[PDB]
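Here's the structure we're looking at; comments come further down.
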Protein chains: 2
Amino acid sequence: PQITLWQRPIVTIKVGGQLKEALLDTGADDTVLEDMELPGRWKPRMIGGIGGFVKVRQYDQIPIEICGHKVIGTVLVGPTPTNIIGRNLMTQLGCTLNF
Amino acid sequence: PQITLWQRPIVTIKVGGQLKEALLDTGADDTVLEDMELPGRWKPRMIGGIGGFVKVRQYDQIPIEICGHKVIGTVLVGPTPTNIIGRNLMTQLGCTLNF
Ligand SMILES: CC(C)CN(C[C@@H](O)[C@H](Cc1ccccc1)NC(=O)O[C@H]1CCOC1)S(=O)(=O)c1ccc(N)cc1
């Protein structure tokens with residue numbers, strides 16, 4: 001699809017069998033989800049956002065279906081205003097910015 | 001242009017007489033630039049995300065040239081770690097996300 005930016009580019013994702021809304025966020029290097037249970041071991045990761053650097057949990061090779069497309073990659077979990085799909089997974093979708 | 005997302009989507013802008021680089025960010029509702037002088041009246045605002053919150057000054061109707069295209073809109077200024085072009089200016093470019 002082609003998504004304009006007059007509203008937030010919120011899409012529906014499926015992760016761990018649950019549908020959730022998430023924001024397609026080209027200013028986010030990584031994908032960060034609100035607290036949820038994910039499989040496997042995690043490791044610590046420090047990420048930078050608008051208010052500073054914060055430690056989150058990093059899970060690897062997590063499948064997510066975004067608009068019906070299946071991606072698999074690193075997902076971080078920690079405090080966040082919303083579920084954020086960053087460039088690590090948008091590149092798997094083939095997403096580009098166009099003007 | 002069509003900009004892929006393997007790297008951060010950084011472009012050159014010109015604002016308030018100053019040339020700088022900024023991030024095209026579909027996850028940012030409004031443009032926020034690192035602290036600088038802008039003309040005119042402003043209003044205090046708080047913006048929040050992964051760092052927590054930062055206080056900014058909101059300037060209205062500020063002209064910015066982005067990749068040579070002249071656009072106009074609200075510009076927030078404050079201690080952001082990076083210059084961010086948000087949706088409020090990306091729409092004026094006719095910028096879409098496509099996959
Ligand atoms: C978190 C989203 C919902 C909101 N932010 C936009 C995001 O793109 C934000 C932009 C950014 C890049 C690098 C350093 C600092 C900030 N990237 C971000 O945090 O990347 C993290 C999350 C995982 O990957 C790394 S914002 O900066 O808080 C924001 C809020 C309001 C306005 N008007 C403008 C900006």
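Convention: chains lettered A, B, ... in structure tokens order; per-chain residue numbering from 1; ligands numbered from 1 as shown.
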Next item on the list: Provide as a list in words the residues of chain B at most 6 Å from chain A, counting only C-alpha atoms.
Entry: residues 1, 2, 3, 4, 5, 25, 26, 27, 49, 50, 51, 52, 53, 54, 80, 87, 91, 94, 95, 96, 97, 98 and 99 of chain B
Serialized selection, N, CA and C atoms, as a short mmCIF file (atom, residue, chain, number, x, y, z; two decimals), in the first residue's frame:
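And here's again.cif as it stands now:
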```
data_model
loop_
_atom_site.label_atom_id
_atom_site.label_comp_id
_atom_site.auth_asym_id
_atom_site.auth_seq_id
_atom_site.Cartn_x
_atom_site.Cartn_y
_atom_site.Cartn_z
N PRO B 1 12.27 11.68 -4.78
CA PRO B 1 13.23 10.62 -4.48
C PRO B 1 12.50 9.44 -3.88
N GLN B 2 13.10 8.26 -3.99
CA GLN B 2 12.65 7.11 -3.25
C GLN B 2 13.77 6.72 -2.28
N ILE B 3 13.47 6.70 -0.99
CA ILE B 3 14.49 6.57 0.01
C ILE B 3 14.27 5.27 0.71
N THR B 4 15.26 4.38 0.65
CA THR B 4 15.07 3.11 1.36
C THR B 4 15.51 3.31 2.84
N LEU B 5 15.34 2.25 3.63
CA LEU B 5 15.46 2.44 5.06
C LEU B 5 16.56 1.57 5.65
N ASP B 25 11.10 11.51 9.72
CA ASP B 25 10.59 10.63 10.78
C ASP B 25 9.04 10.55 10.77
N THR B 26 8.55 9.44 10.23
CA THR B 26 7.10 9.24 10.19
C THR B 26 6.51 8.98 11.56
N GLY B 27 7.36 8.72 12.57
CA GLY B 27 6.84 8.50 13.92
C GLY B 27 6.77 9.80 14.71
N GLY B 49 8.53 10.51 24.47
CA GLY B 49 8.77 9.25 23.76
C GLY B 49 9.65 8.35 24.59
N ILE B 50 10.50 7.59 23.90
CA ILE B 50 11.44 6.71 24.53
C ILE B 50 12.33 7.48 25.44
N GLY B 51 12.90 8.59 25.10
CA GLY B 51 13.45 9.03 26.47
C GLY B 51 12.72 9.42 27.88
N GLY B 52 11.39 9.40 27.89
CA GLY B 52 10.59 10.34 28.66
C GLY B 52 10.32 11.62 27.83
N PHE B 53 10.21 12.75 28.53
CA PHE B 53 9.79 14.01 27.92
C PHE B 53 10.89 15.04 27.87
N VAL B 54 10.78 15.95 26.90
CA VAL B 54 11.63 17.13 26.83
C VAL B 54 10.78 18.36 26.59
N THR B 80 16.48 18.08 21.78
CA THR B 80 16.44 16.80 21.10
C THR B 80 17.84 16.38 20.73
N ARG B 87 5.81 14.57 10.56
CA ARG B 87 4.71 14.46 9.58
C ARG B 87 4.22 15.82 9.14
N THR B 91 4.11 15.90 5.03
CA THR B 91 2.89 15.93 4.15
C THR B 91 3.04 17.00 3.06
N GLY B 94 4.50 16.00 -0.09
CA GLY B 94 3.84 14.86 -0.72
C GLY B 94 4.49 13.50 -0.43
N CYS B 95 5.12 13.39 0.76
CA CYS B 95 5.87 12.20 1.15
C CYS B 95 4.92 11.07 1.63
N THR B 96 5.09 9.86 1.08
CA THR B 96 4.30 8.70 1.49
C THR B 96 5.27 7.59 1.86
N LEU B 97 4.77 6.62 2.64
CA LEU B 97 5.47 5.37 2.86
C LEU B 97 4.84 4.37 1.93
N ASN B 98 5.67 3.58 1.27
CA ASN B 98 5.19 2.62 0.29
C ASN B 98 5.81 1.26 0.50
N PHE B 99 5.00 0.20 0.42
CA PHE B 99 5.51 -1.17 0.46
C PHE B 99 4.55 -2.08 -0.29
#
```
Could I have chain B as a compact mmCIF listing (two decimals) with C-alpha atoms, in the first residue's frame after it is superimposed on chain A by least squares, pairing all C-alpha atoms in sequence order?
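Printed below is part_35.txt as written:
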```txt
# COMPACT_ATOMS: atom_id res chain seq x y z
CA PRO B 1 -0.23 0.46 0.17
CA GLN B 2 0.78 4.08 -0.14
CA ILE B 3 0.49 5.78 3.22
CA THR B 4 0.50 9.53 3.51
CA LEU B 5 1.71 11.31 6.61
CA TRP B 6 -1.09 13.77 7.49
CA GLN B 7 -1.78 11.38 10.35
CA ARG B 8 0.52 9.03 12.23
CA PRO B 9 1.14 5.93 10.05
CA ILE B 10 -0.41 3.30 12.34
CA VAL B 11 -0.97 -0.29 11.24
CA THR B 12 -2.24 -3.53 12.76
CA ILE B 13 0.31 -6.15 13.67
CA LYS B 14 0.20 -9.63 15.12
CA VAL B 15 3.03 -10.70 17.43
CA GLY B 16 3.45 -13.36 20.08
CA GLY B 17 -0.18 -14.37 19.66
CA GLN B 18 -1.37 -10.79 20.23
CA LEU B 19 -3.08 -8.27 17.93
CA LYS B 20 -2.12 -4.64 18.33
CA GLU B 21 -1.57 -1.31 16.61
CA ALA B 22 1.88 0.05 15.93
CA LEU B 23 3.59 3.08 14.37
CA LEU B 24 5.61 2.68 11.12
CA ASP B 25 8.67 4.64 12.14
CA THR B 26 11.56 5.34 9.77
CA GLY B 27 13.37 7.12 12.62
CA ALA B 28 13.54 3.90 14.68
CA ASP B 29 16.47 1.60 13.90
CA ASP B 30 14.77 -1.37 15.61
CA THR B 31 11.20 -2.35 16.42
CA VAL B 32 10.21 -1.69 20.02
CA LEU B 33 6.94 -2.90 21.54
CA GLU B 34 5.26 -2.08 24.82
CA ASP B 35 6.11 -4.58 27.53
CA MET B 36 4.77 -8.05 26.80
CA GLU B 37 5.93 -11.69 27.02
CA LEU B 38 7.98 -13.13 24.11
CA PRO B 39 9.48 -16.58 23.91
CA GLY B 40 13.19 -17.34 24.07
CA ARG B 41 16.35 -15.80 25.42
CA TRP B 42 16.84 -12.02 25.60
CA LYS B 43 19.61 -9.50 26.25
CA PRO B 44 19.27 -6.14 28.03
CA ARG B 45 19.71 -3.00 25.93
CA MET B 46 19.27 0.78 26.33
CA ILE B 47 17.57 2.81 23.60
CA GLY B 48 17.49 6.55 23.63
CA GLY B 49 15.84 9.56 22.05
CA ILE B 50 13.70 12.52 22.98
CA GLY B 51 12.75 11.16 26.21
CA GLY B 52 16.29 10.20 27.33
CA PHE B 53 16.76 6.41 27.55
CA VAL B 54 14.66 3.36 28.37
CA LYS B 55 15.80 -0.14 29.23
CA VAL B 56 14.45 -2.88 26.92
CA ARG B 57 14.80 -6.63 26.38
CA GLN B 58 16.12 -7.65 23.01
CA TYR B 59 14.57 -10.78 21.46
CA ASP B 60 15.89 -12.11 18.23
CA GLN B 61 14.17 -13.71 15.21
CA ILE B 62 10.61 -12.89 16.33
CA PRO B 63 7.90 -13.30 13.74
CA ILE B 64 5.52 -10.40 13.24
CA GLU B 65 2.74 -10.06 10.78
CA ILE B 66 2.31 -6.47 9.59
CA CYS B 67 -0.66 -5.67 7.39
CA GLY B 68 -0.83 -9.39 6.63
CA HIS B 69 2.79 -9.75 5.53
CA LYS B 70 4.94 -12.10 7.61
CA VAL B 71 8.36 -10.68 8.54
CA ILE B 72 10.94 -11.68 11.05
CA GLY B 73 13.60 -9.91 13.05
CA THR B 74 14.76 -8.36 16.29
CA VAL B 75 12.03 -7.06 18.58
CA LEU B 76 12.84 -4.92 21.60
CA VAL B 77 10.33 -4.87 24.46
CA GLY B 78 10.03 -2.32 27.25
CA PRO B 79 8.26 0.76 28.61
CA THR B 80 7.87 2.58 25.33
CA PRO B 81 4.81 4.79 25.29
CA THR B 82 3.77 3.37 21.94
CA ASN B 83 4.43 0.28 19.78
CA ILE B 84 6.94 1.09 17.07
CA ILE B 85 7.82 -0.88 13.94
CA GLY B 86 11.38 0.14 13.03
CA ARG B 87 13.53 -0.08 9.95
CA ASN B 88 14.67 -3.60 10.74
CA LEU B 89 11.19 -4.90 9.91
CA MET B 90 10.10 -2.25 7.43
CA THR B 91 12.88 -3.30 5.04
CA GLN B 92 11.43 -6.87 5.07
CA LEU B 93 8.17 -5.38 3.78
CA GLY B 94 9.93 -3.62 0.92
CA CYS B 95 8.85 -0.28 2.49
CA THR B 96 10.37 2.93 1.02
CA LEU B 97 9.85 6.64 1.60
CA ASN B 98 8.97 8.44 -1.60
CA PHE B 99 8.69 12.12 -2.54
```
Note to self: If DSSP is run on the backbone, what residues of stretch 2-91 of chain A are strand (DSSP E)? A reply as JSON, numbers by chain would be ideal.
What the structure shows: {"A": [2, 3, 10, 11, 12, 13, 14, 15, 18, 19, 20, 21, 22, 23, 24, 32, 33, 43, 44, 45, 46, 47, 48, 49, 52, 53, 54, 55, 56, 57, 58, 59, 60, 61, 62, 63, 64, 65, 66, 69, 70, 71, 72, 73, 74, 75, 76, 77, 84, 85]}
Hey, can you spit out that residue selection with C-alpha atoms as a PDB file, in the first residue's frame?
```
ATOM      1  CA  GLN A   2       0.836   3.643  -0.028  1.00  0.00           C
ATOM      2  CA  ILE A   3       0.418   5.474   3.212  1.00  0.00           C
ATOM      3  CA  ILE A  10      -0.729   3.117  12.366  1.00  0.00           C
ATOM      4  CA  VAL A  11      -1.012  -0.396  11.114  1.00  0.00           C
ATOM      5  CA  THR A  12      -2.303  -3.604  12.520  1.00  0.00           C
ATOM      6  CA  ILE A  13       0.353  -6.187  13.496  1.00  0.00           C
ATOM      7  CA  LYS A  14       0.065  -9.733  14.812  1.00  0.00           C
ATOM      8  CA  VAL A  15       2.656 -10.885  17.294  1.00  0.00           C
ATOM      9  CA  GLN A  18      -2.348 -11.097  19.285  1.00  0.00           C
ATOM     10  CA  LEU A  19      -3.494  -8.251  16.999  1.00  0.00           C
ATOM     11  CA  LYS A  20      -2.132  -4.897  18.123  1.00  0.00           C
ATOM     12  CA  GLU A  21      -1.760  -1.485  16.572  1.00  0.00           C
ATOM     13  CA  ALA A  22       1.739  -0.181  15.903  1.00  0.00           C
ATOM     14  CA  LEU A  23       3.264   2.942  14.418  1.00  0.00           C
ATOM     15  CA  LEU A  24       5.496   2.764  11.275  1.00  0.00           C
ATOM     16  CA  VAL A  32       9.879  -1.609  20.429  1.00  0.00           C
ATOM     17  CA  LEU A  33       6.669  -3.206  21.762  1.00  0.00           C
ATOM     18  CA  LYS A  43      19.479  -9.826  26.452  1.00  0.00           C
ATOM     19  CA  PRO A  44      19.952  -6.244  27.465  1.00  0.00           C
ATOM     20  CA  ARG A  45      20.015  -3.411  24.943  1.00  0.00           C
ATOM     21  CA  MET A  46      20.442   0.331  25.433  1.00  0.00           C
ATOM     22  CA  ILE A  47      18.470   2.517  23.033  1.00  0.00           C
ATOM     23  CA  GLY A  48      18.317   6.269  22.497  1.00  0.00           C
ATOM     24  CA  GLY A  49      15.114   8.215  22.252  1.00  0.00           C
ATOM     25  CA  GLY A  52      17.686   9.974  26.554  1.00  0.00           C
ATOM     26  CA  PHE A  53      19.113   6.424  26.571  1.00  0.00           C
ATOM     27  CA  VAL A  54      17.119   3.660  28.217  1.00  0.00           C
ATOM     28  CA  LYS A  55      17.691  -0.098  28.765  1.00  0.00           C
ATOM     29  CA  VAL A  56      15.130  -2.521  27.241  1.00  0.00           C
ATOM     30  CA  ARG A  57      14.846  -6.300  26.731  1.00  0.00           C
ATOM     31  CA  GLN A  58      15.981  -7.644  23.370  1.00  0.00           C
ATOM     32  CA  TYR A  59      14.353 -10.748  21.888  1.00  0.00           C
ATOM     33  CA  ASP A  60      15.674 -12.181  18.627  1.00  0.00           C
ATOM     34  CA  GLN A  61      14.032 -13.751  15.551  1.00  0.00           C
ATOM     35  CA  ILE A  62      10.501 -12.899  16.599  1.00  0.00           C
ATOM     36  CA  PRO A  63       7.857 -13.326  13.881  1.00  0.00           C
ATOM     37  CA  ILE A  64       5.422 -10.482  13.265  1.00  0.00           C
ATOM     38  CA  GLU A  65       2.781 -10.188  10.597  1.00  0.00           C
ATOM     39  CA  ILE A  66       2.443  -6.544   9.514  1.00  0.00           C
ATOM     40  CA  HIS A  69       3.356  -9.630   5.426  1.00  0.00           C
ATOM     41  CA  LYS A  70       5.498 -11.940   7.550  1.00  0.00           C
ATOM     42  CA  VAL A  71       8.665 -10.470   8.961  1.00  0.00           C
ATOM     43  CA  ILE A  72      11.047 -12.027  11.491  1.00  0.00           C
ATOM     44  CA  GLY A  73      13.614 -10.021  13.485  1.00  0.00           C
ATOM     45  CA  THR A  74      14.764  -8.306  16.654  1.00  0.00           C
ATOM     46  CA  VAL A  75      12.028  -6.945  18.878  1.00  0.00           C
ATOM     47  CA  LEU A  76      12.686  -4.859  21.977  1.00  0.00           C
ATOM     48  CA  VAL A  77      10.316  -4.635  24.925  1.00  0.00           C
ATOM     49  CA  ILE A  84       6.878   1.143  17.283  1.00  0.00           C
ATOM     50  CA  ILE A  85       7.872  -0.693  14.068  1.00  0.00           C
TER      51      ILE A  85
END
```
Could you pull out the residues in stretch 3-98 of chain A that DSSP calls helix (DSSP H, G or I) from the backbone, as a PDB file with N, CA, C and O atoms, in the first residue's frame?
```pdb
ATOM      1  N   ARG A  87      13.081   0.686  11.587  1.00  0.00           N
ATOM      2  CA  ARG A  87      13.649   0.349  10.285  1.00  0.00           C
ATOM      3  C   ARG A  87      14.091  -1.069  10.161  1.00  0.00           C
ATOM      4  O   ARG A  87      14.059  -1.593   9.046  1.00  0.00           O
ATOM      5  N   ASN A  88      14.487  -1.735  11.247  1.00  0.00           N
ATOM      6  CA  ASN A  88      14.873  -3.152  11.122  1.00  0.00           C
ATOM      7  C   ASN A  88      13.775  -4.010  10.478  1.00  0.00           C
ATOM      8  O   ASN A  88      14.089  -4.915   9.696  1.00  0.00           O
ATOM      9  N   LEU A  89      12.499  -3.789  10.821  1.00  0.00           N
ATOM     10  CA  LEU A  89      11.433  -4.540  10.212  1.00  0.00           C
ATOM     11  C   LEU A  89      10.837  -3.845   9.012  1.00  0.00           C
ATOM     12  O   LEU A  89      10.343  -4.545   8.095  1.00  0.00           O
ATOM     13  N   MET A  90      10.871  -2.511   8.932  1.00  0.00           N
ATOM     14  CA  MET A  90      10.321  -1.892   7.717  1.00  0.00           C
ATOM     15  C   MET A  90      11.198  -2.246   6.507  1.00  0.00           C
ATOM     16  O   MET A  90      10.686  -2.326   5.398  1.00  0.00           O
ATOM     17  N   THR A  91      12.486  -2.496   6.707  1.00  0.00           N
ATOM     18  CA  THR A  91      13.304  -2.873   5.522  1.00  0.00           C
ATOM     19  C   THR A  91      12.882  -4.259   5.012  1.00  0.00           C
ATOM     20  O   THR A  91      12.906  -4.547   3.811  1.00  0.00           O
ATOM     21  N   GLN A  92      12.484  -5.140   5.922  1.00  0.00           N
ATOM     22  CA  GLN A  92      11.959  -6.453   5.513  1.00  0.00           C
ATOM     23  C   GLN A  92      10.650  -6.335   4.741  1.00  0.00           C
ATOM     24  O   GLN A  92      10.318  -7.185   3.912  1.00  0.00           O
ATOM     25  N   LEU A  93       9.852  -5.315   5.018  1.00  0.00           N
ATOM     26  CA  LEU A  93       8.629  -5.088   4.279  1.00  0.00           C
ATOM     27  C   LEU A  93       8.873  -4.482   2.935  1.00  0.00           C
ATOM     28  O   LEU A  93       7.959  -4.432   2.118  1.00  0.00           O
TER      29      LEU A  93
END
```
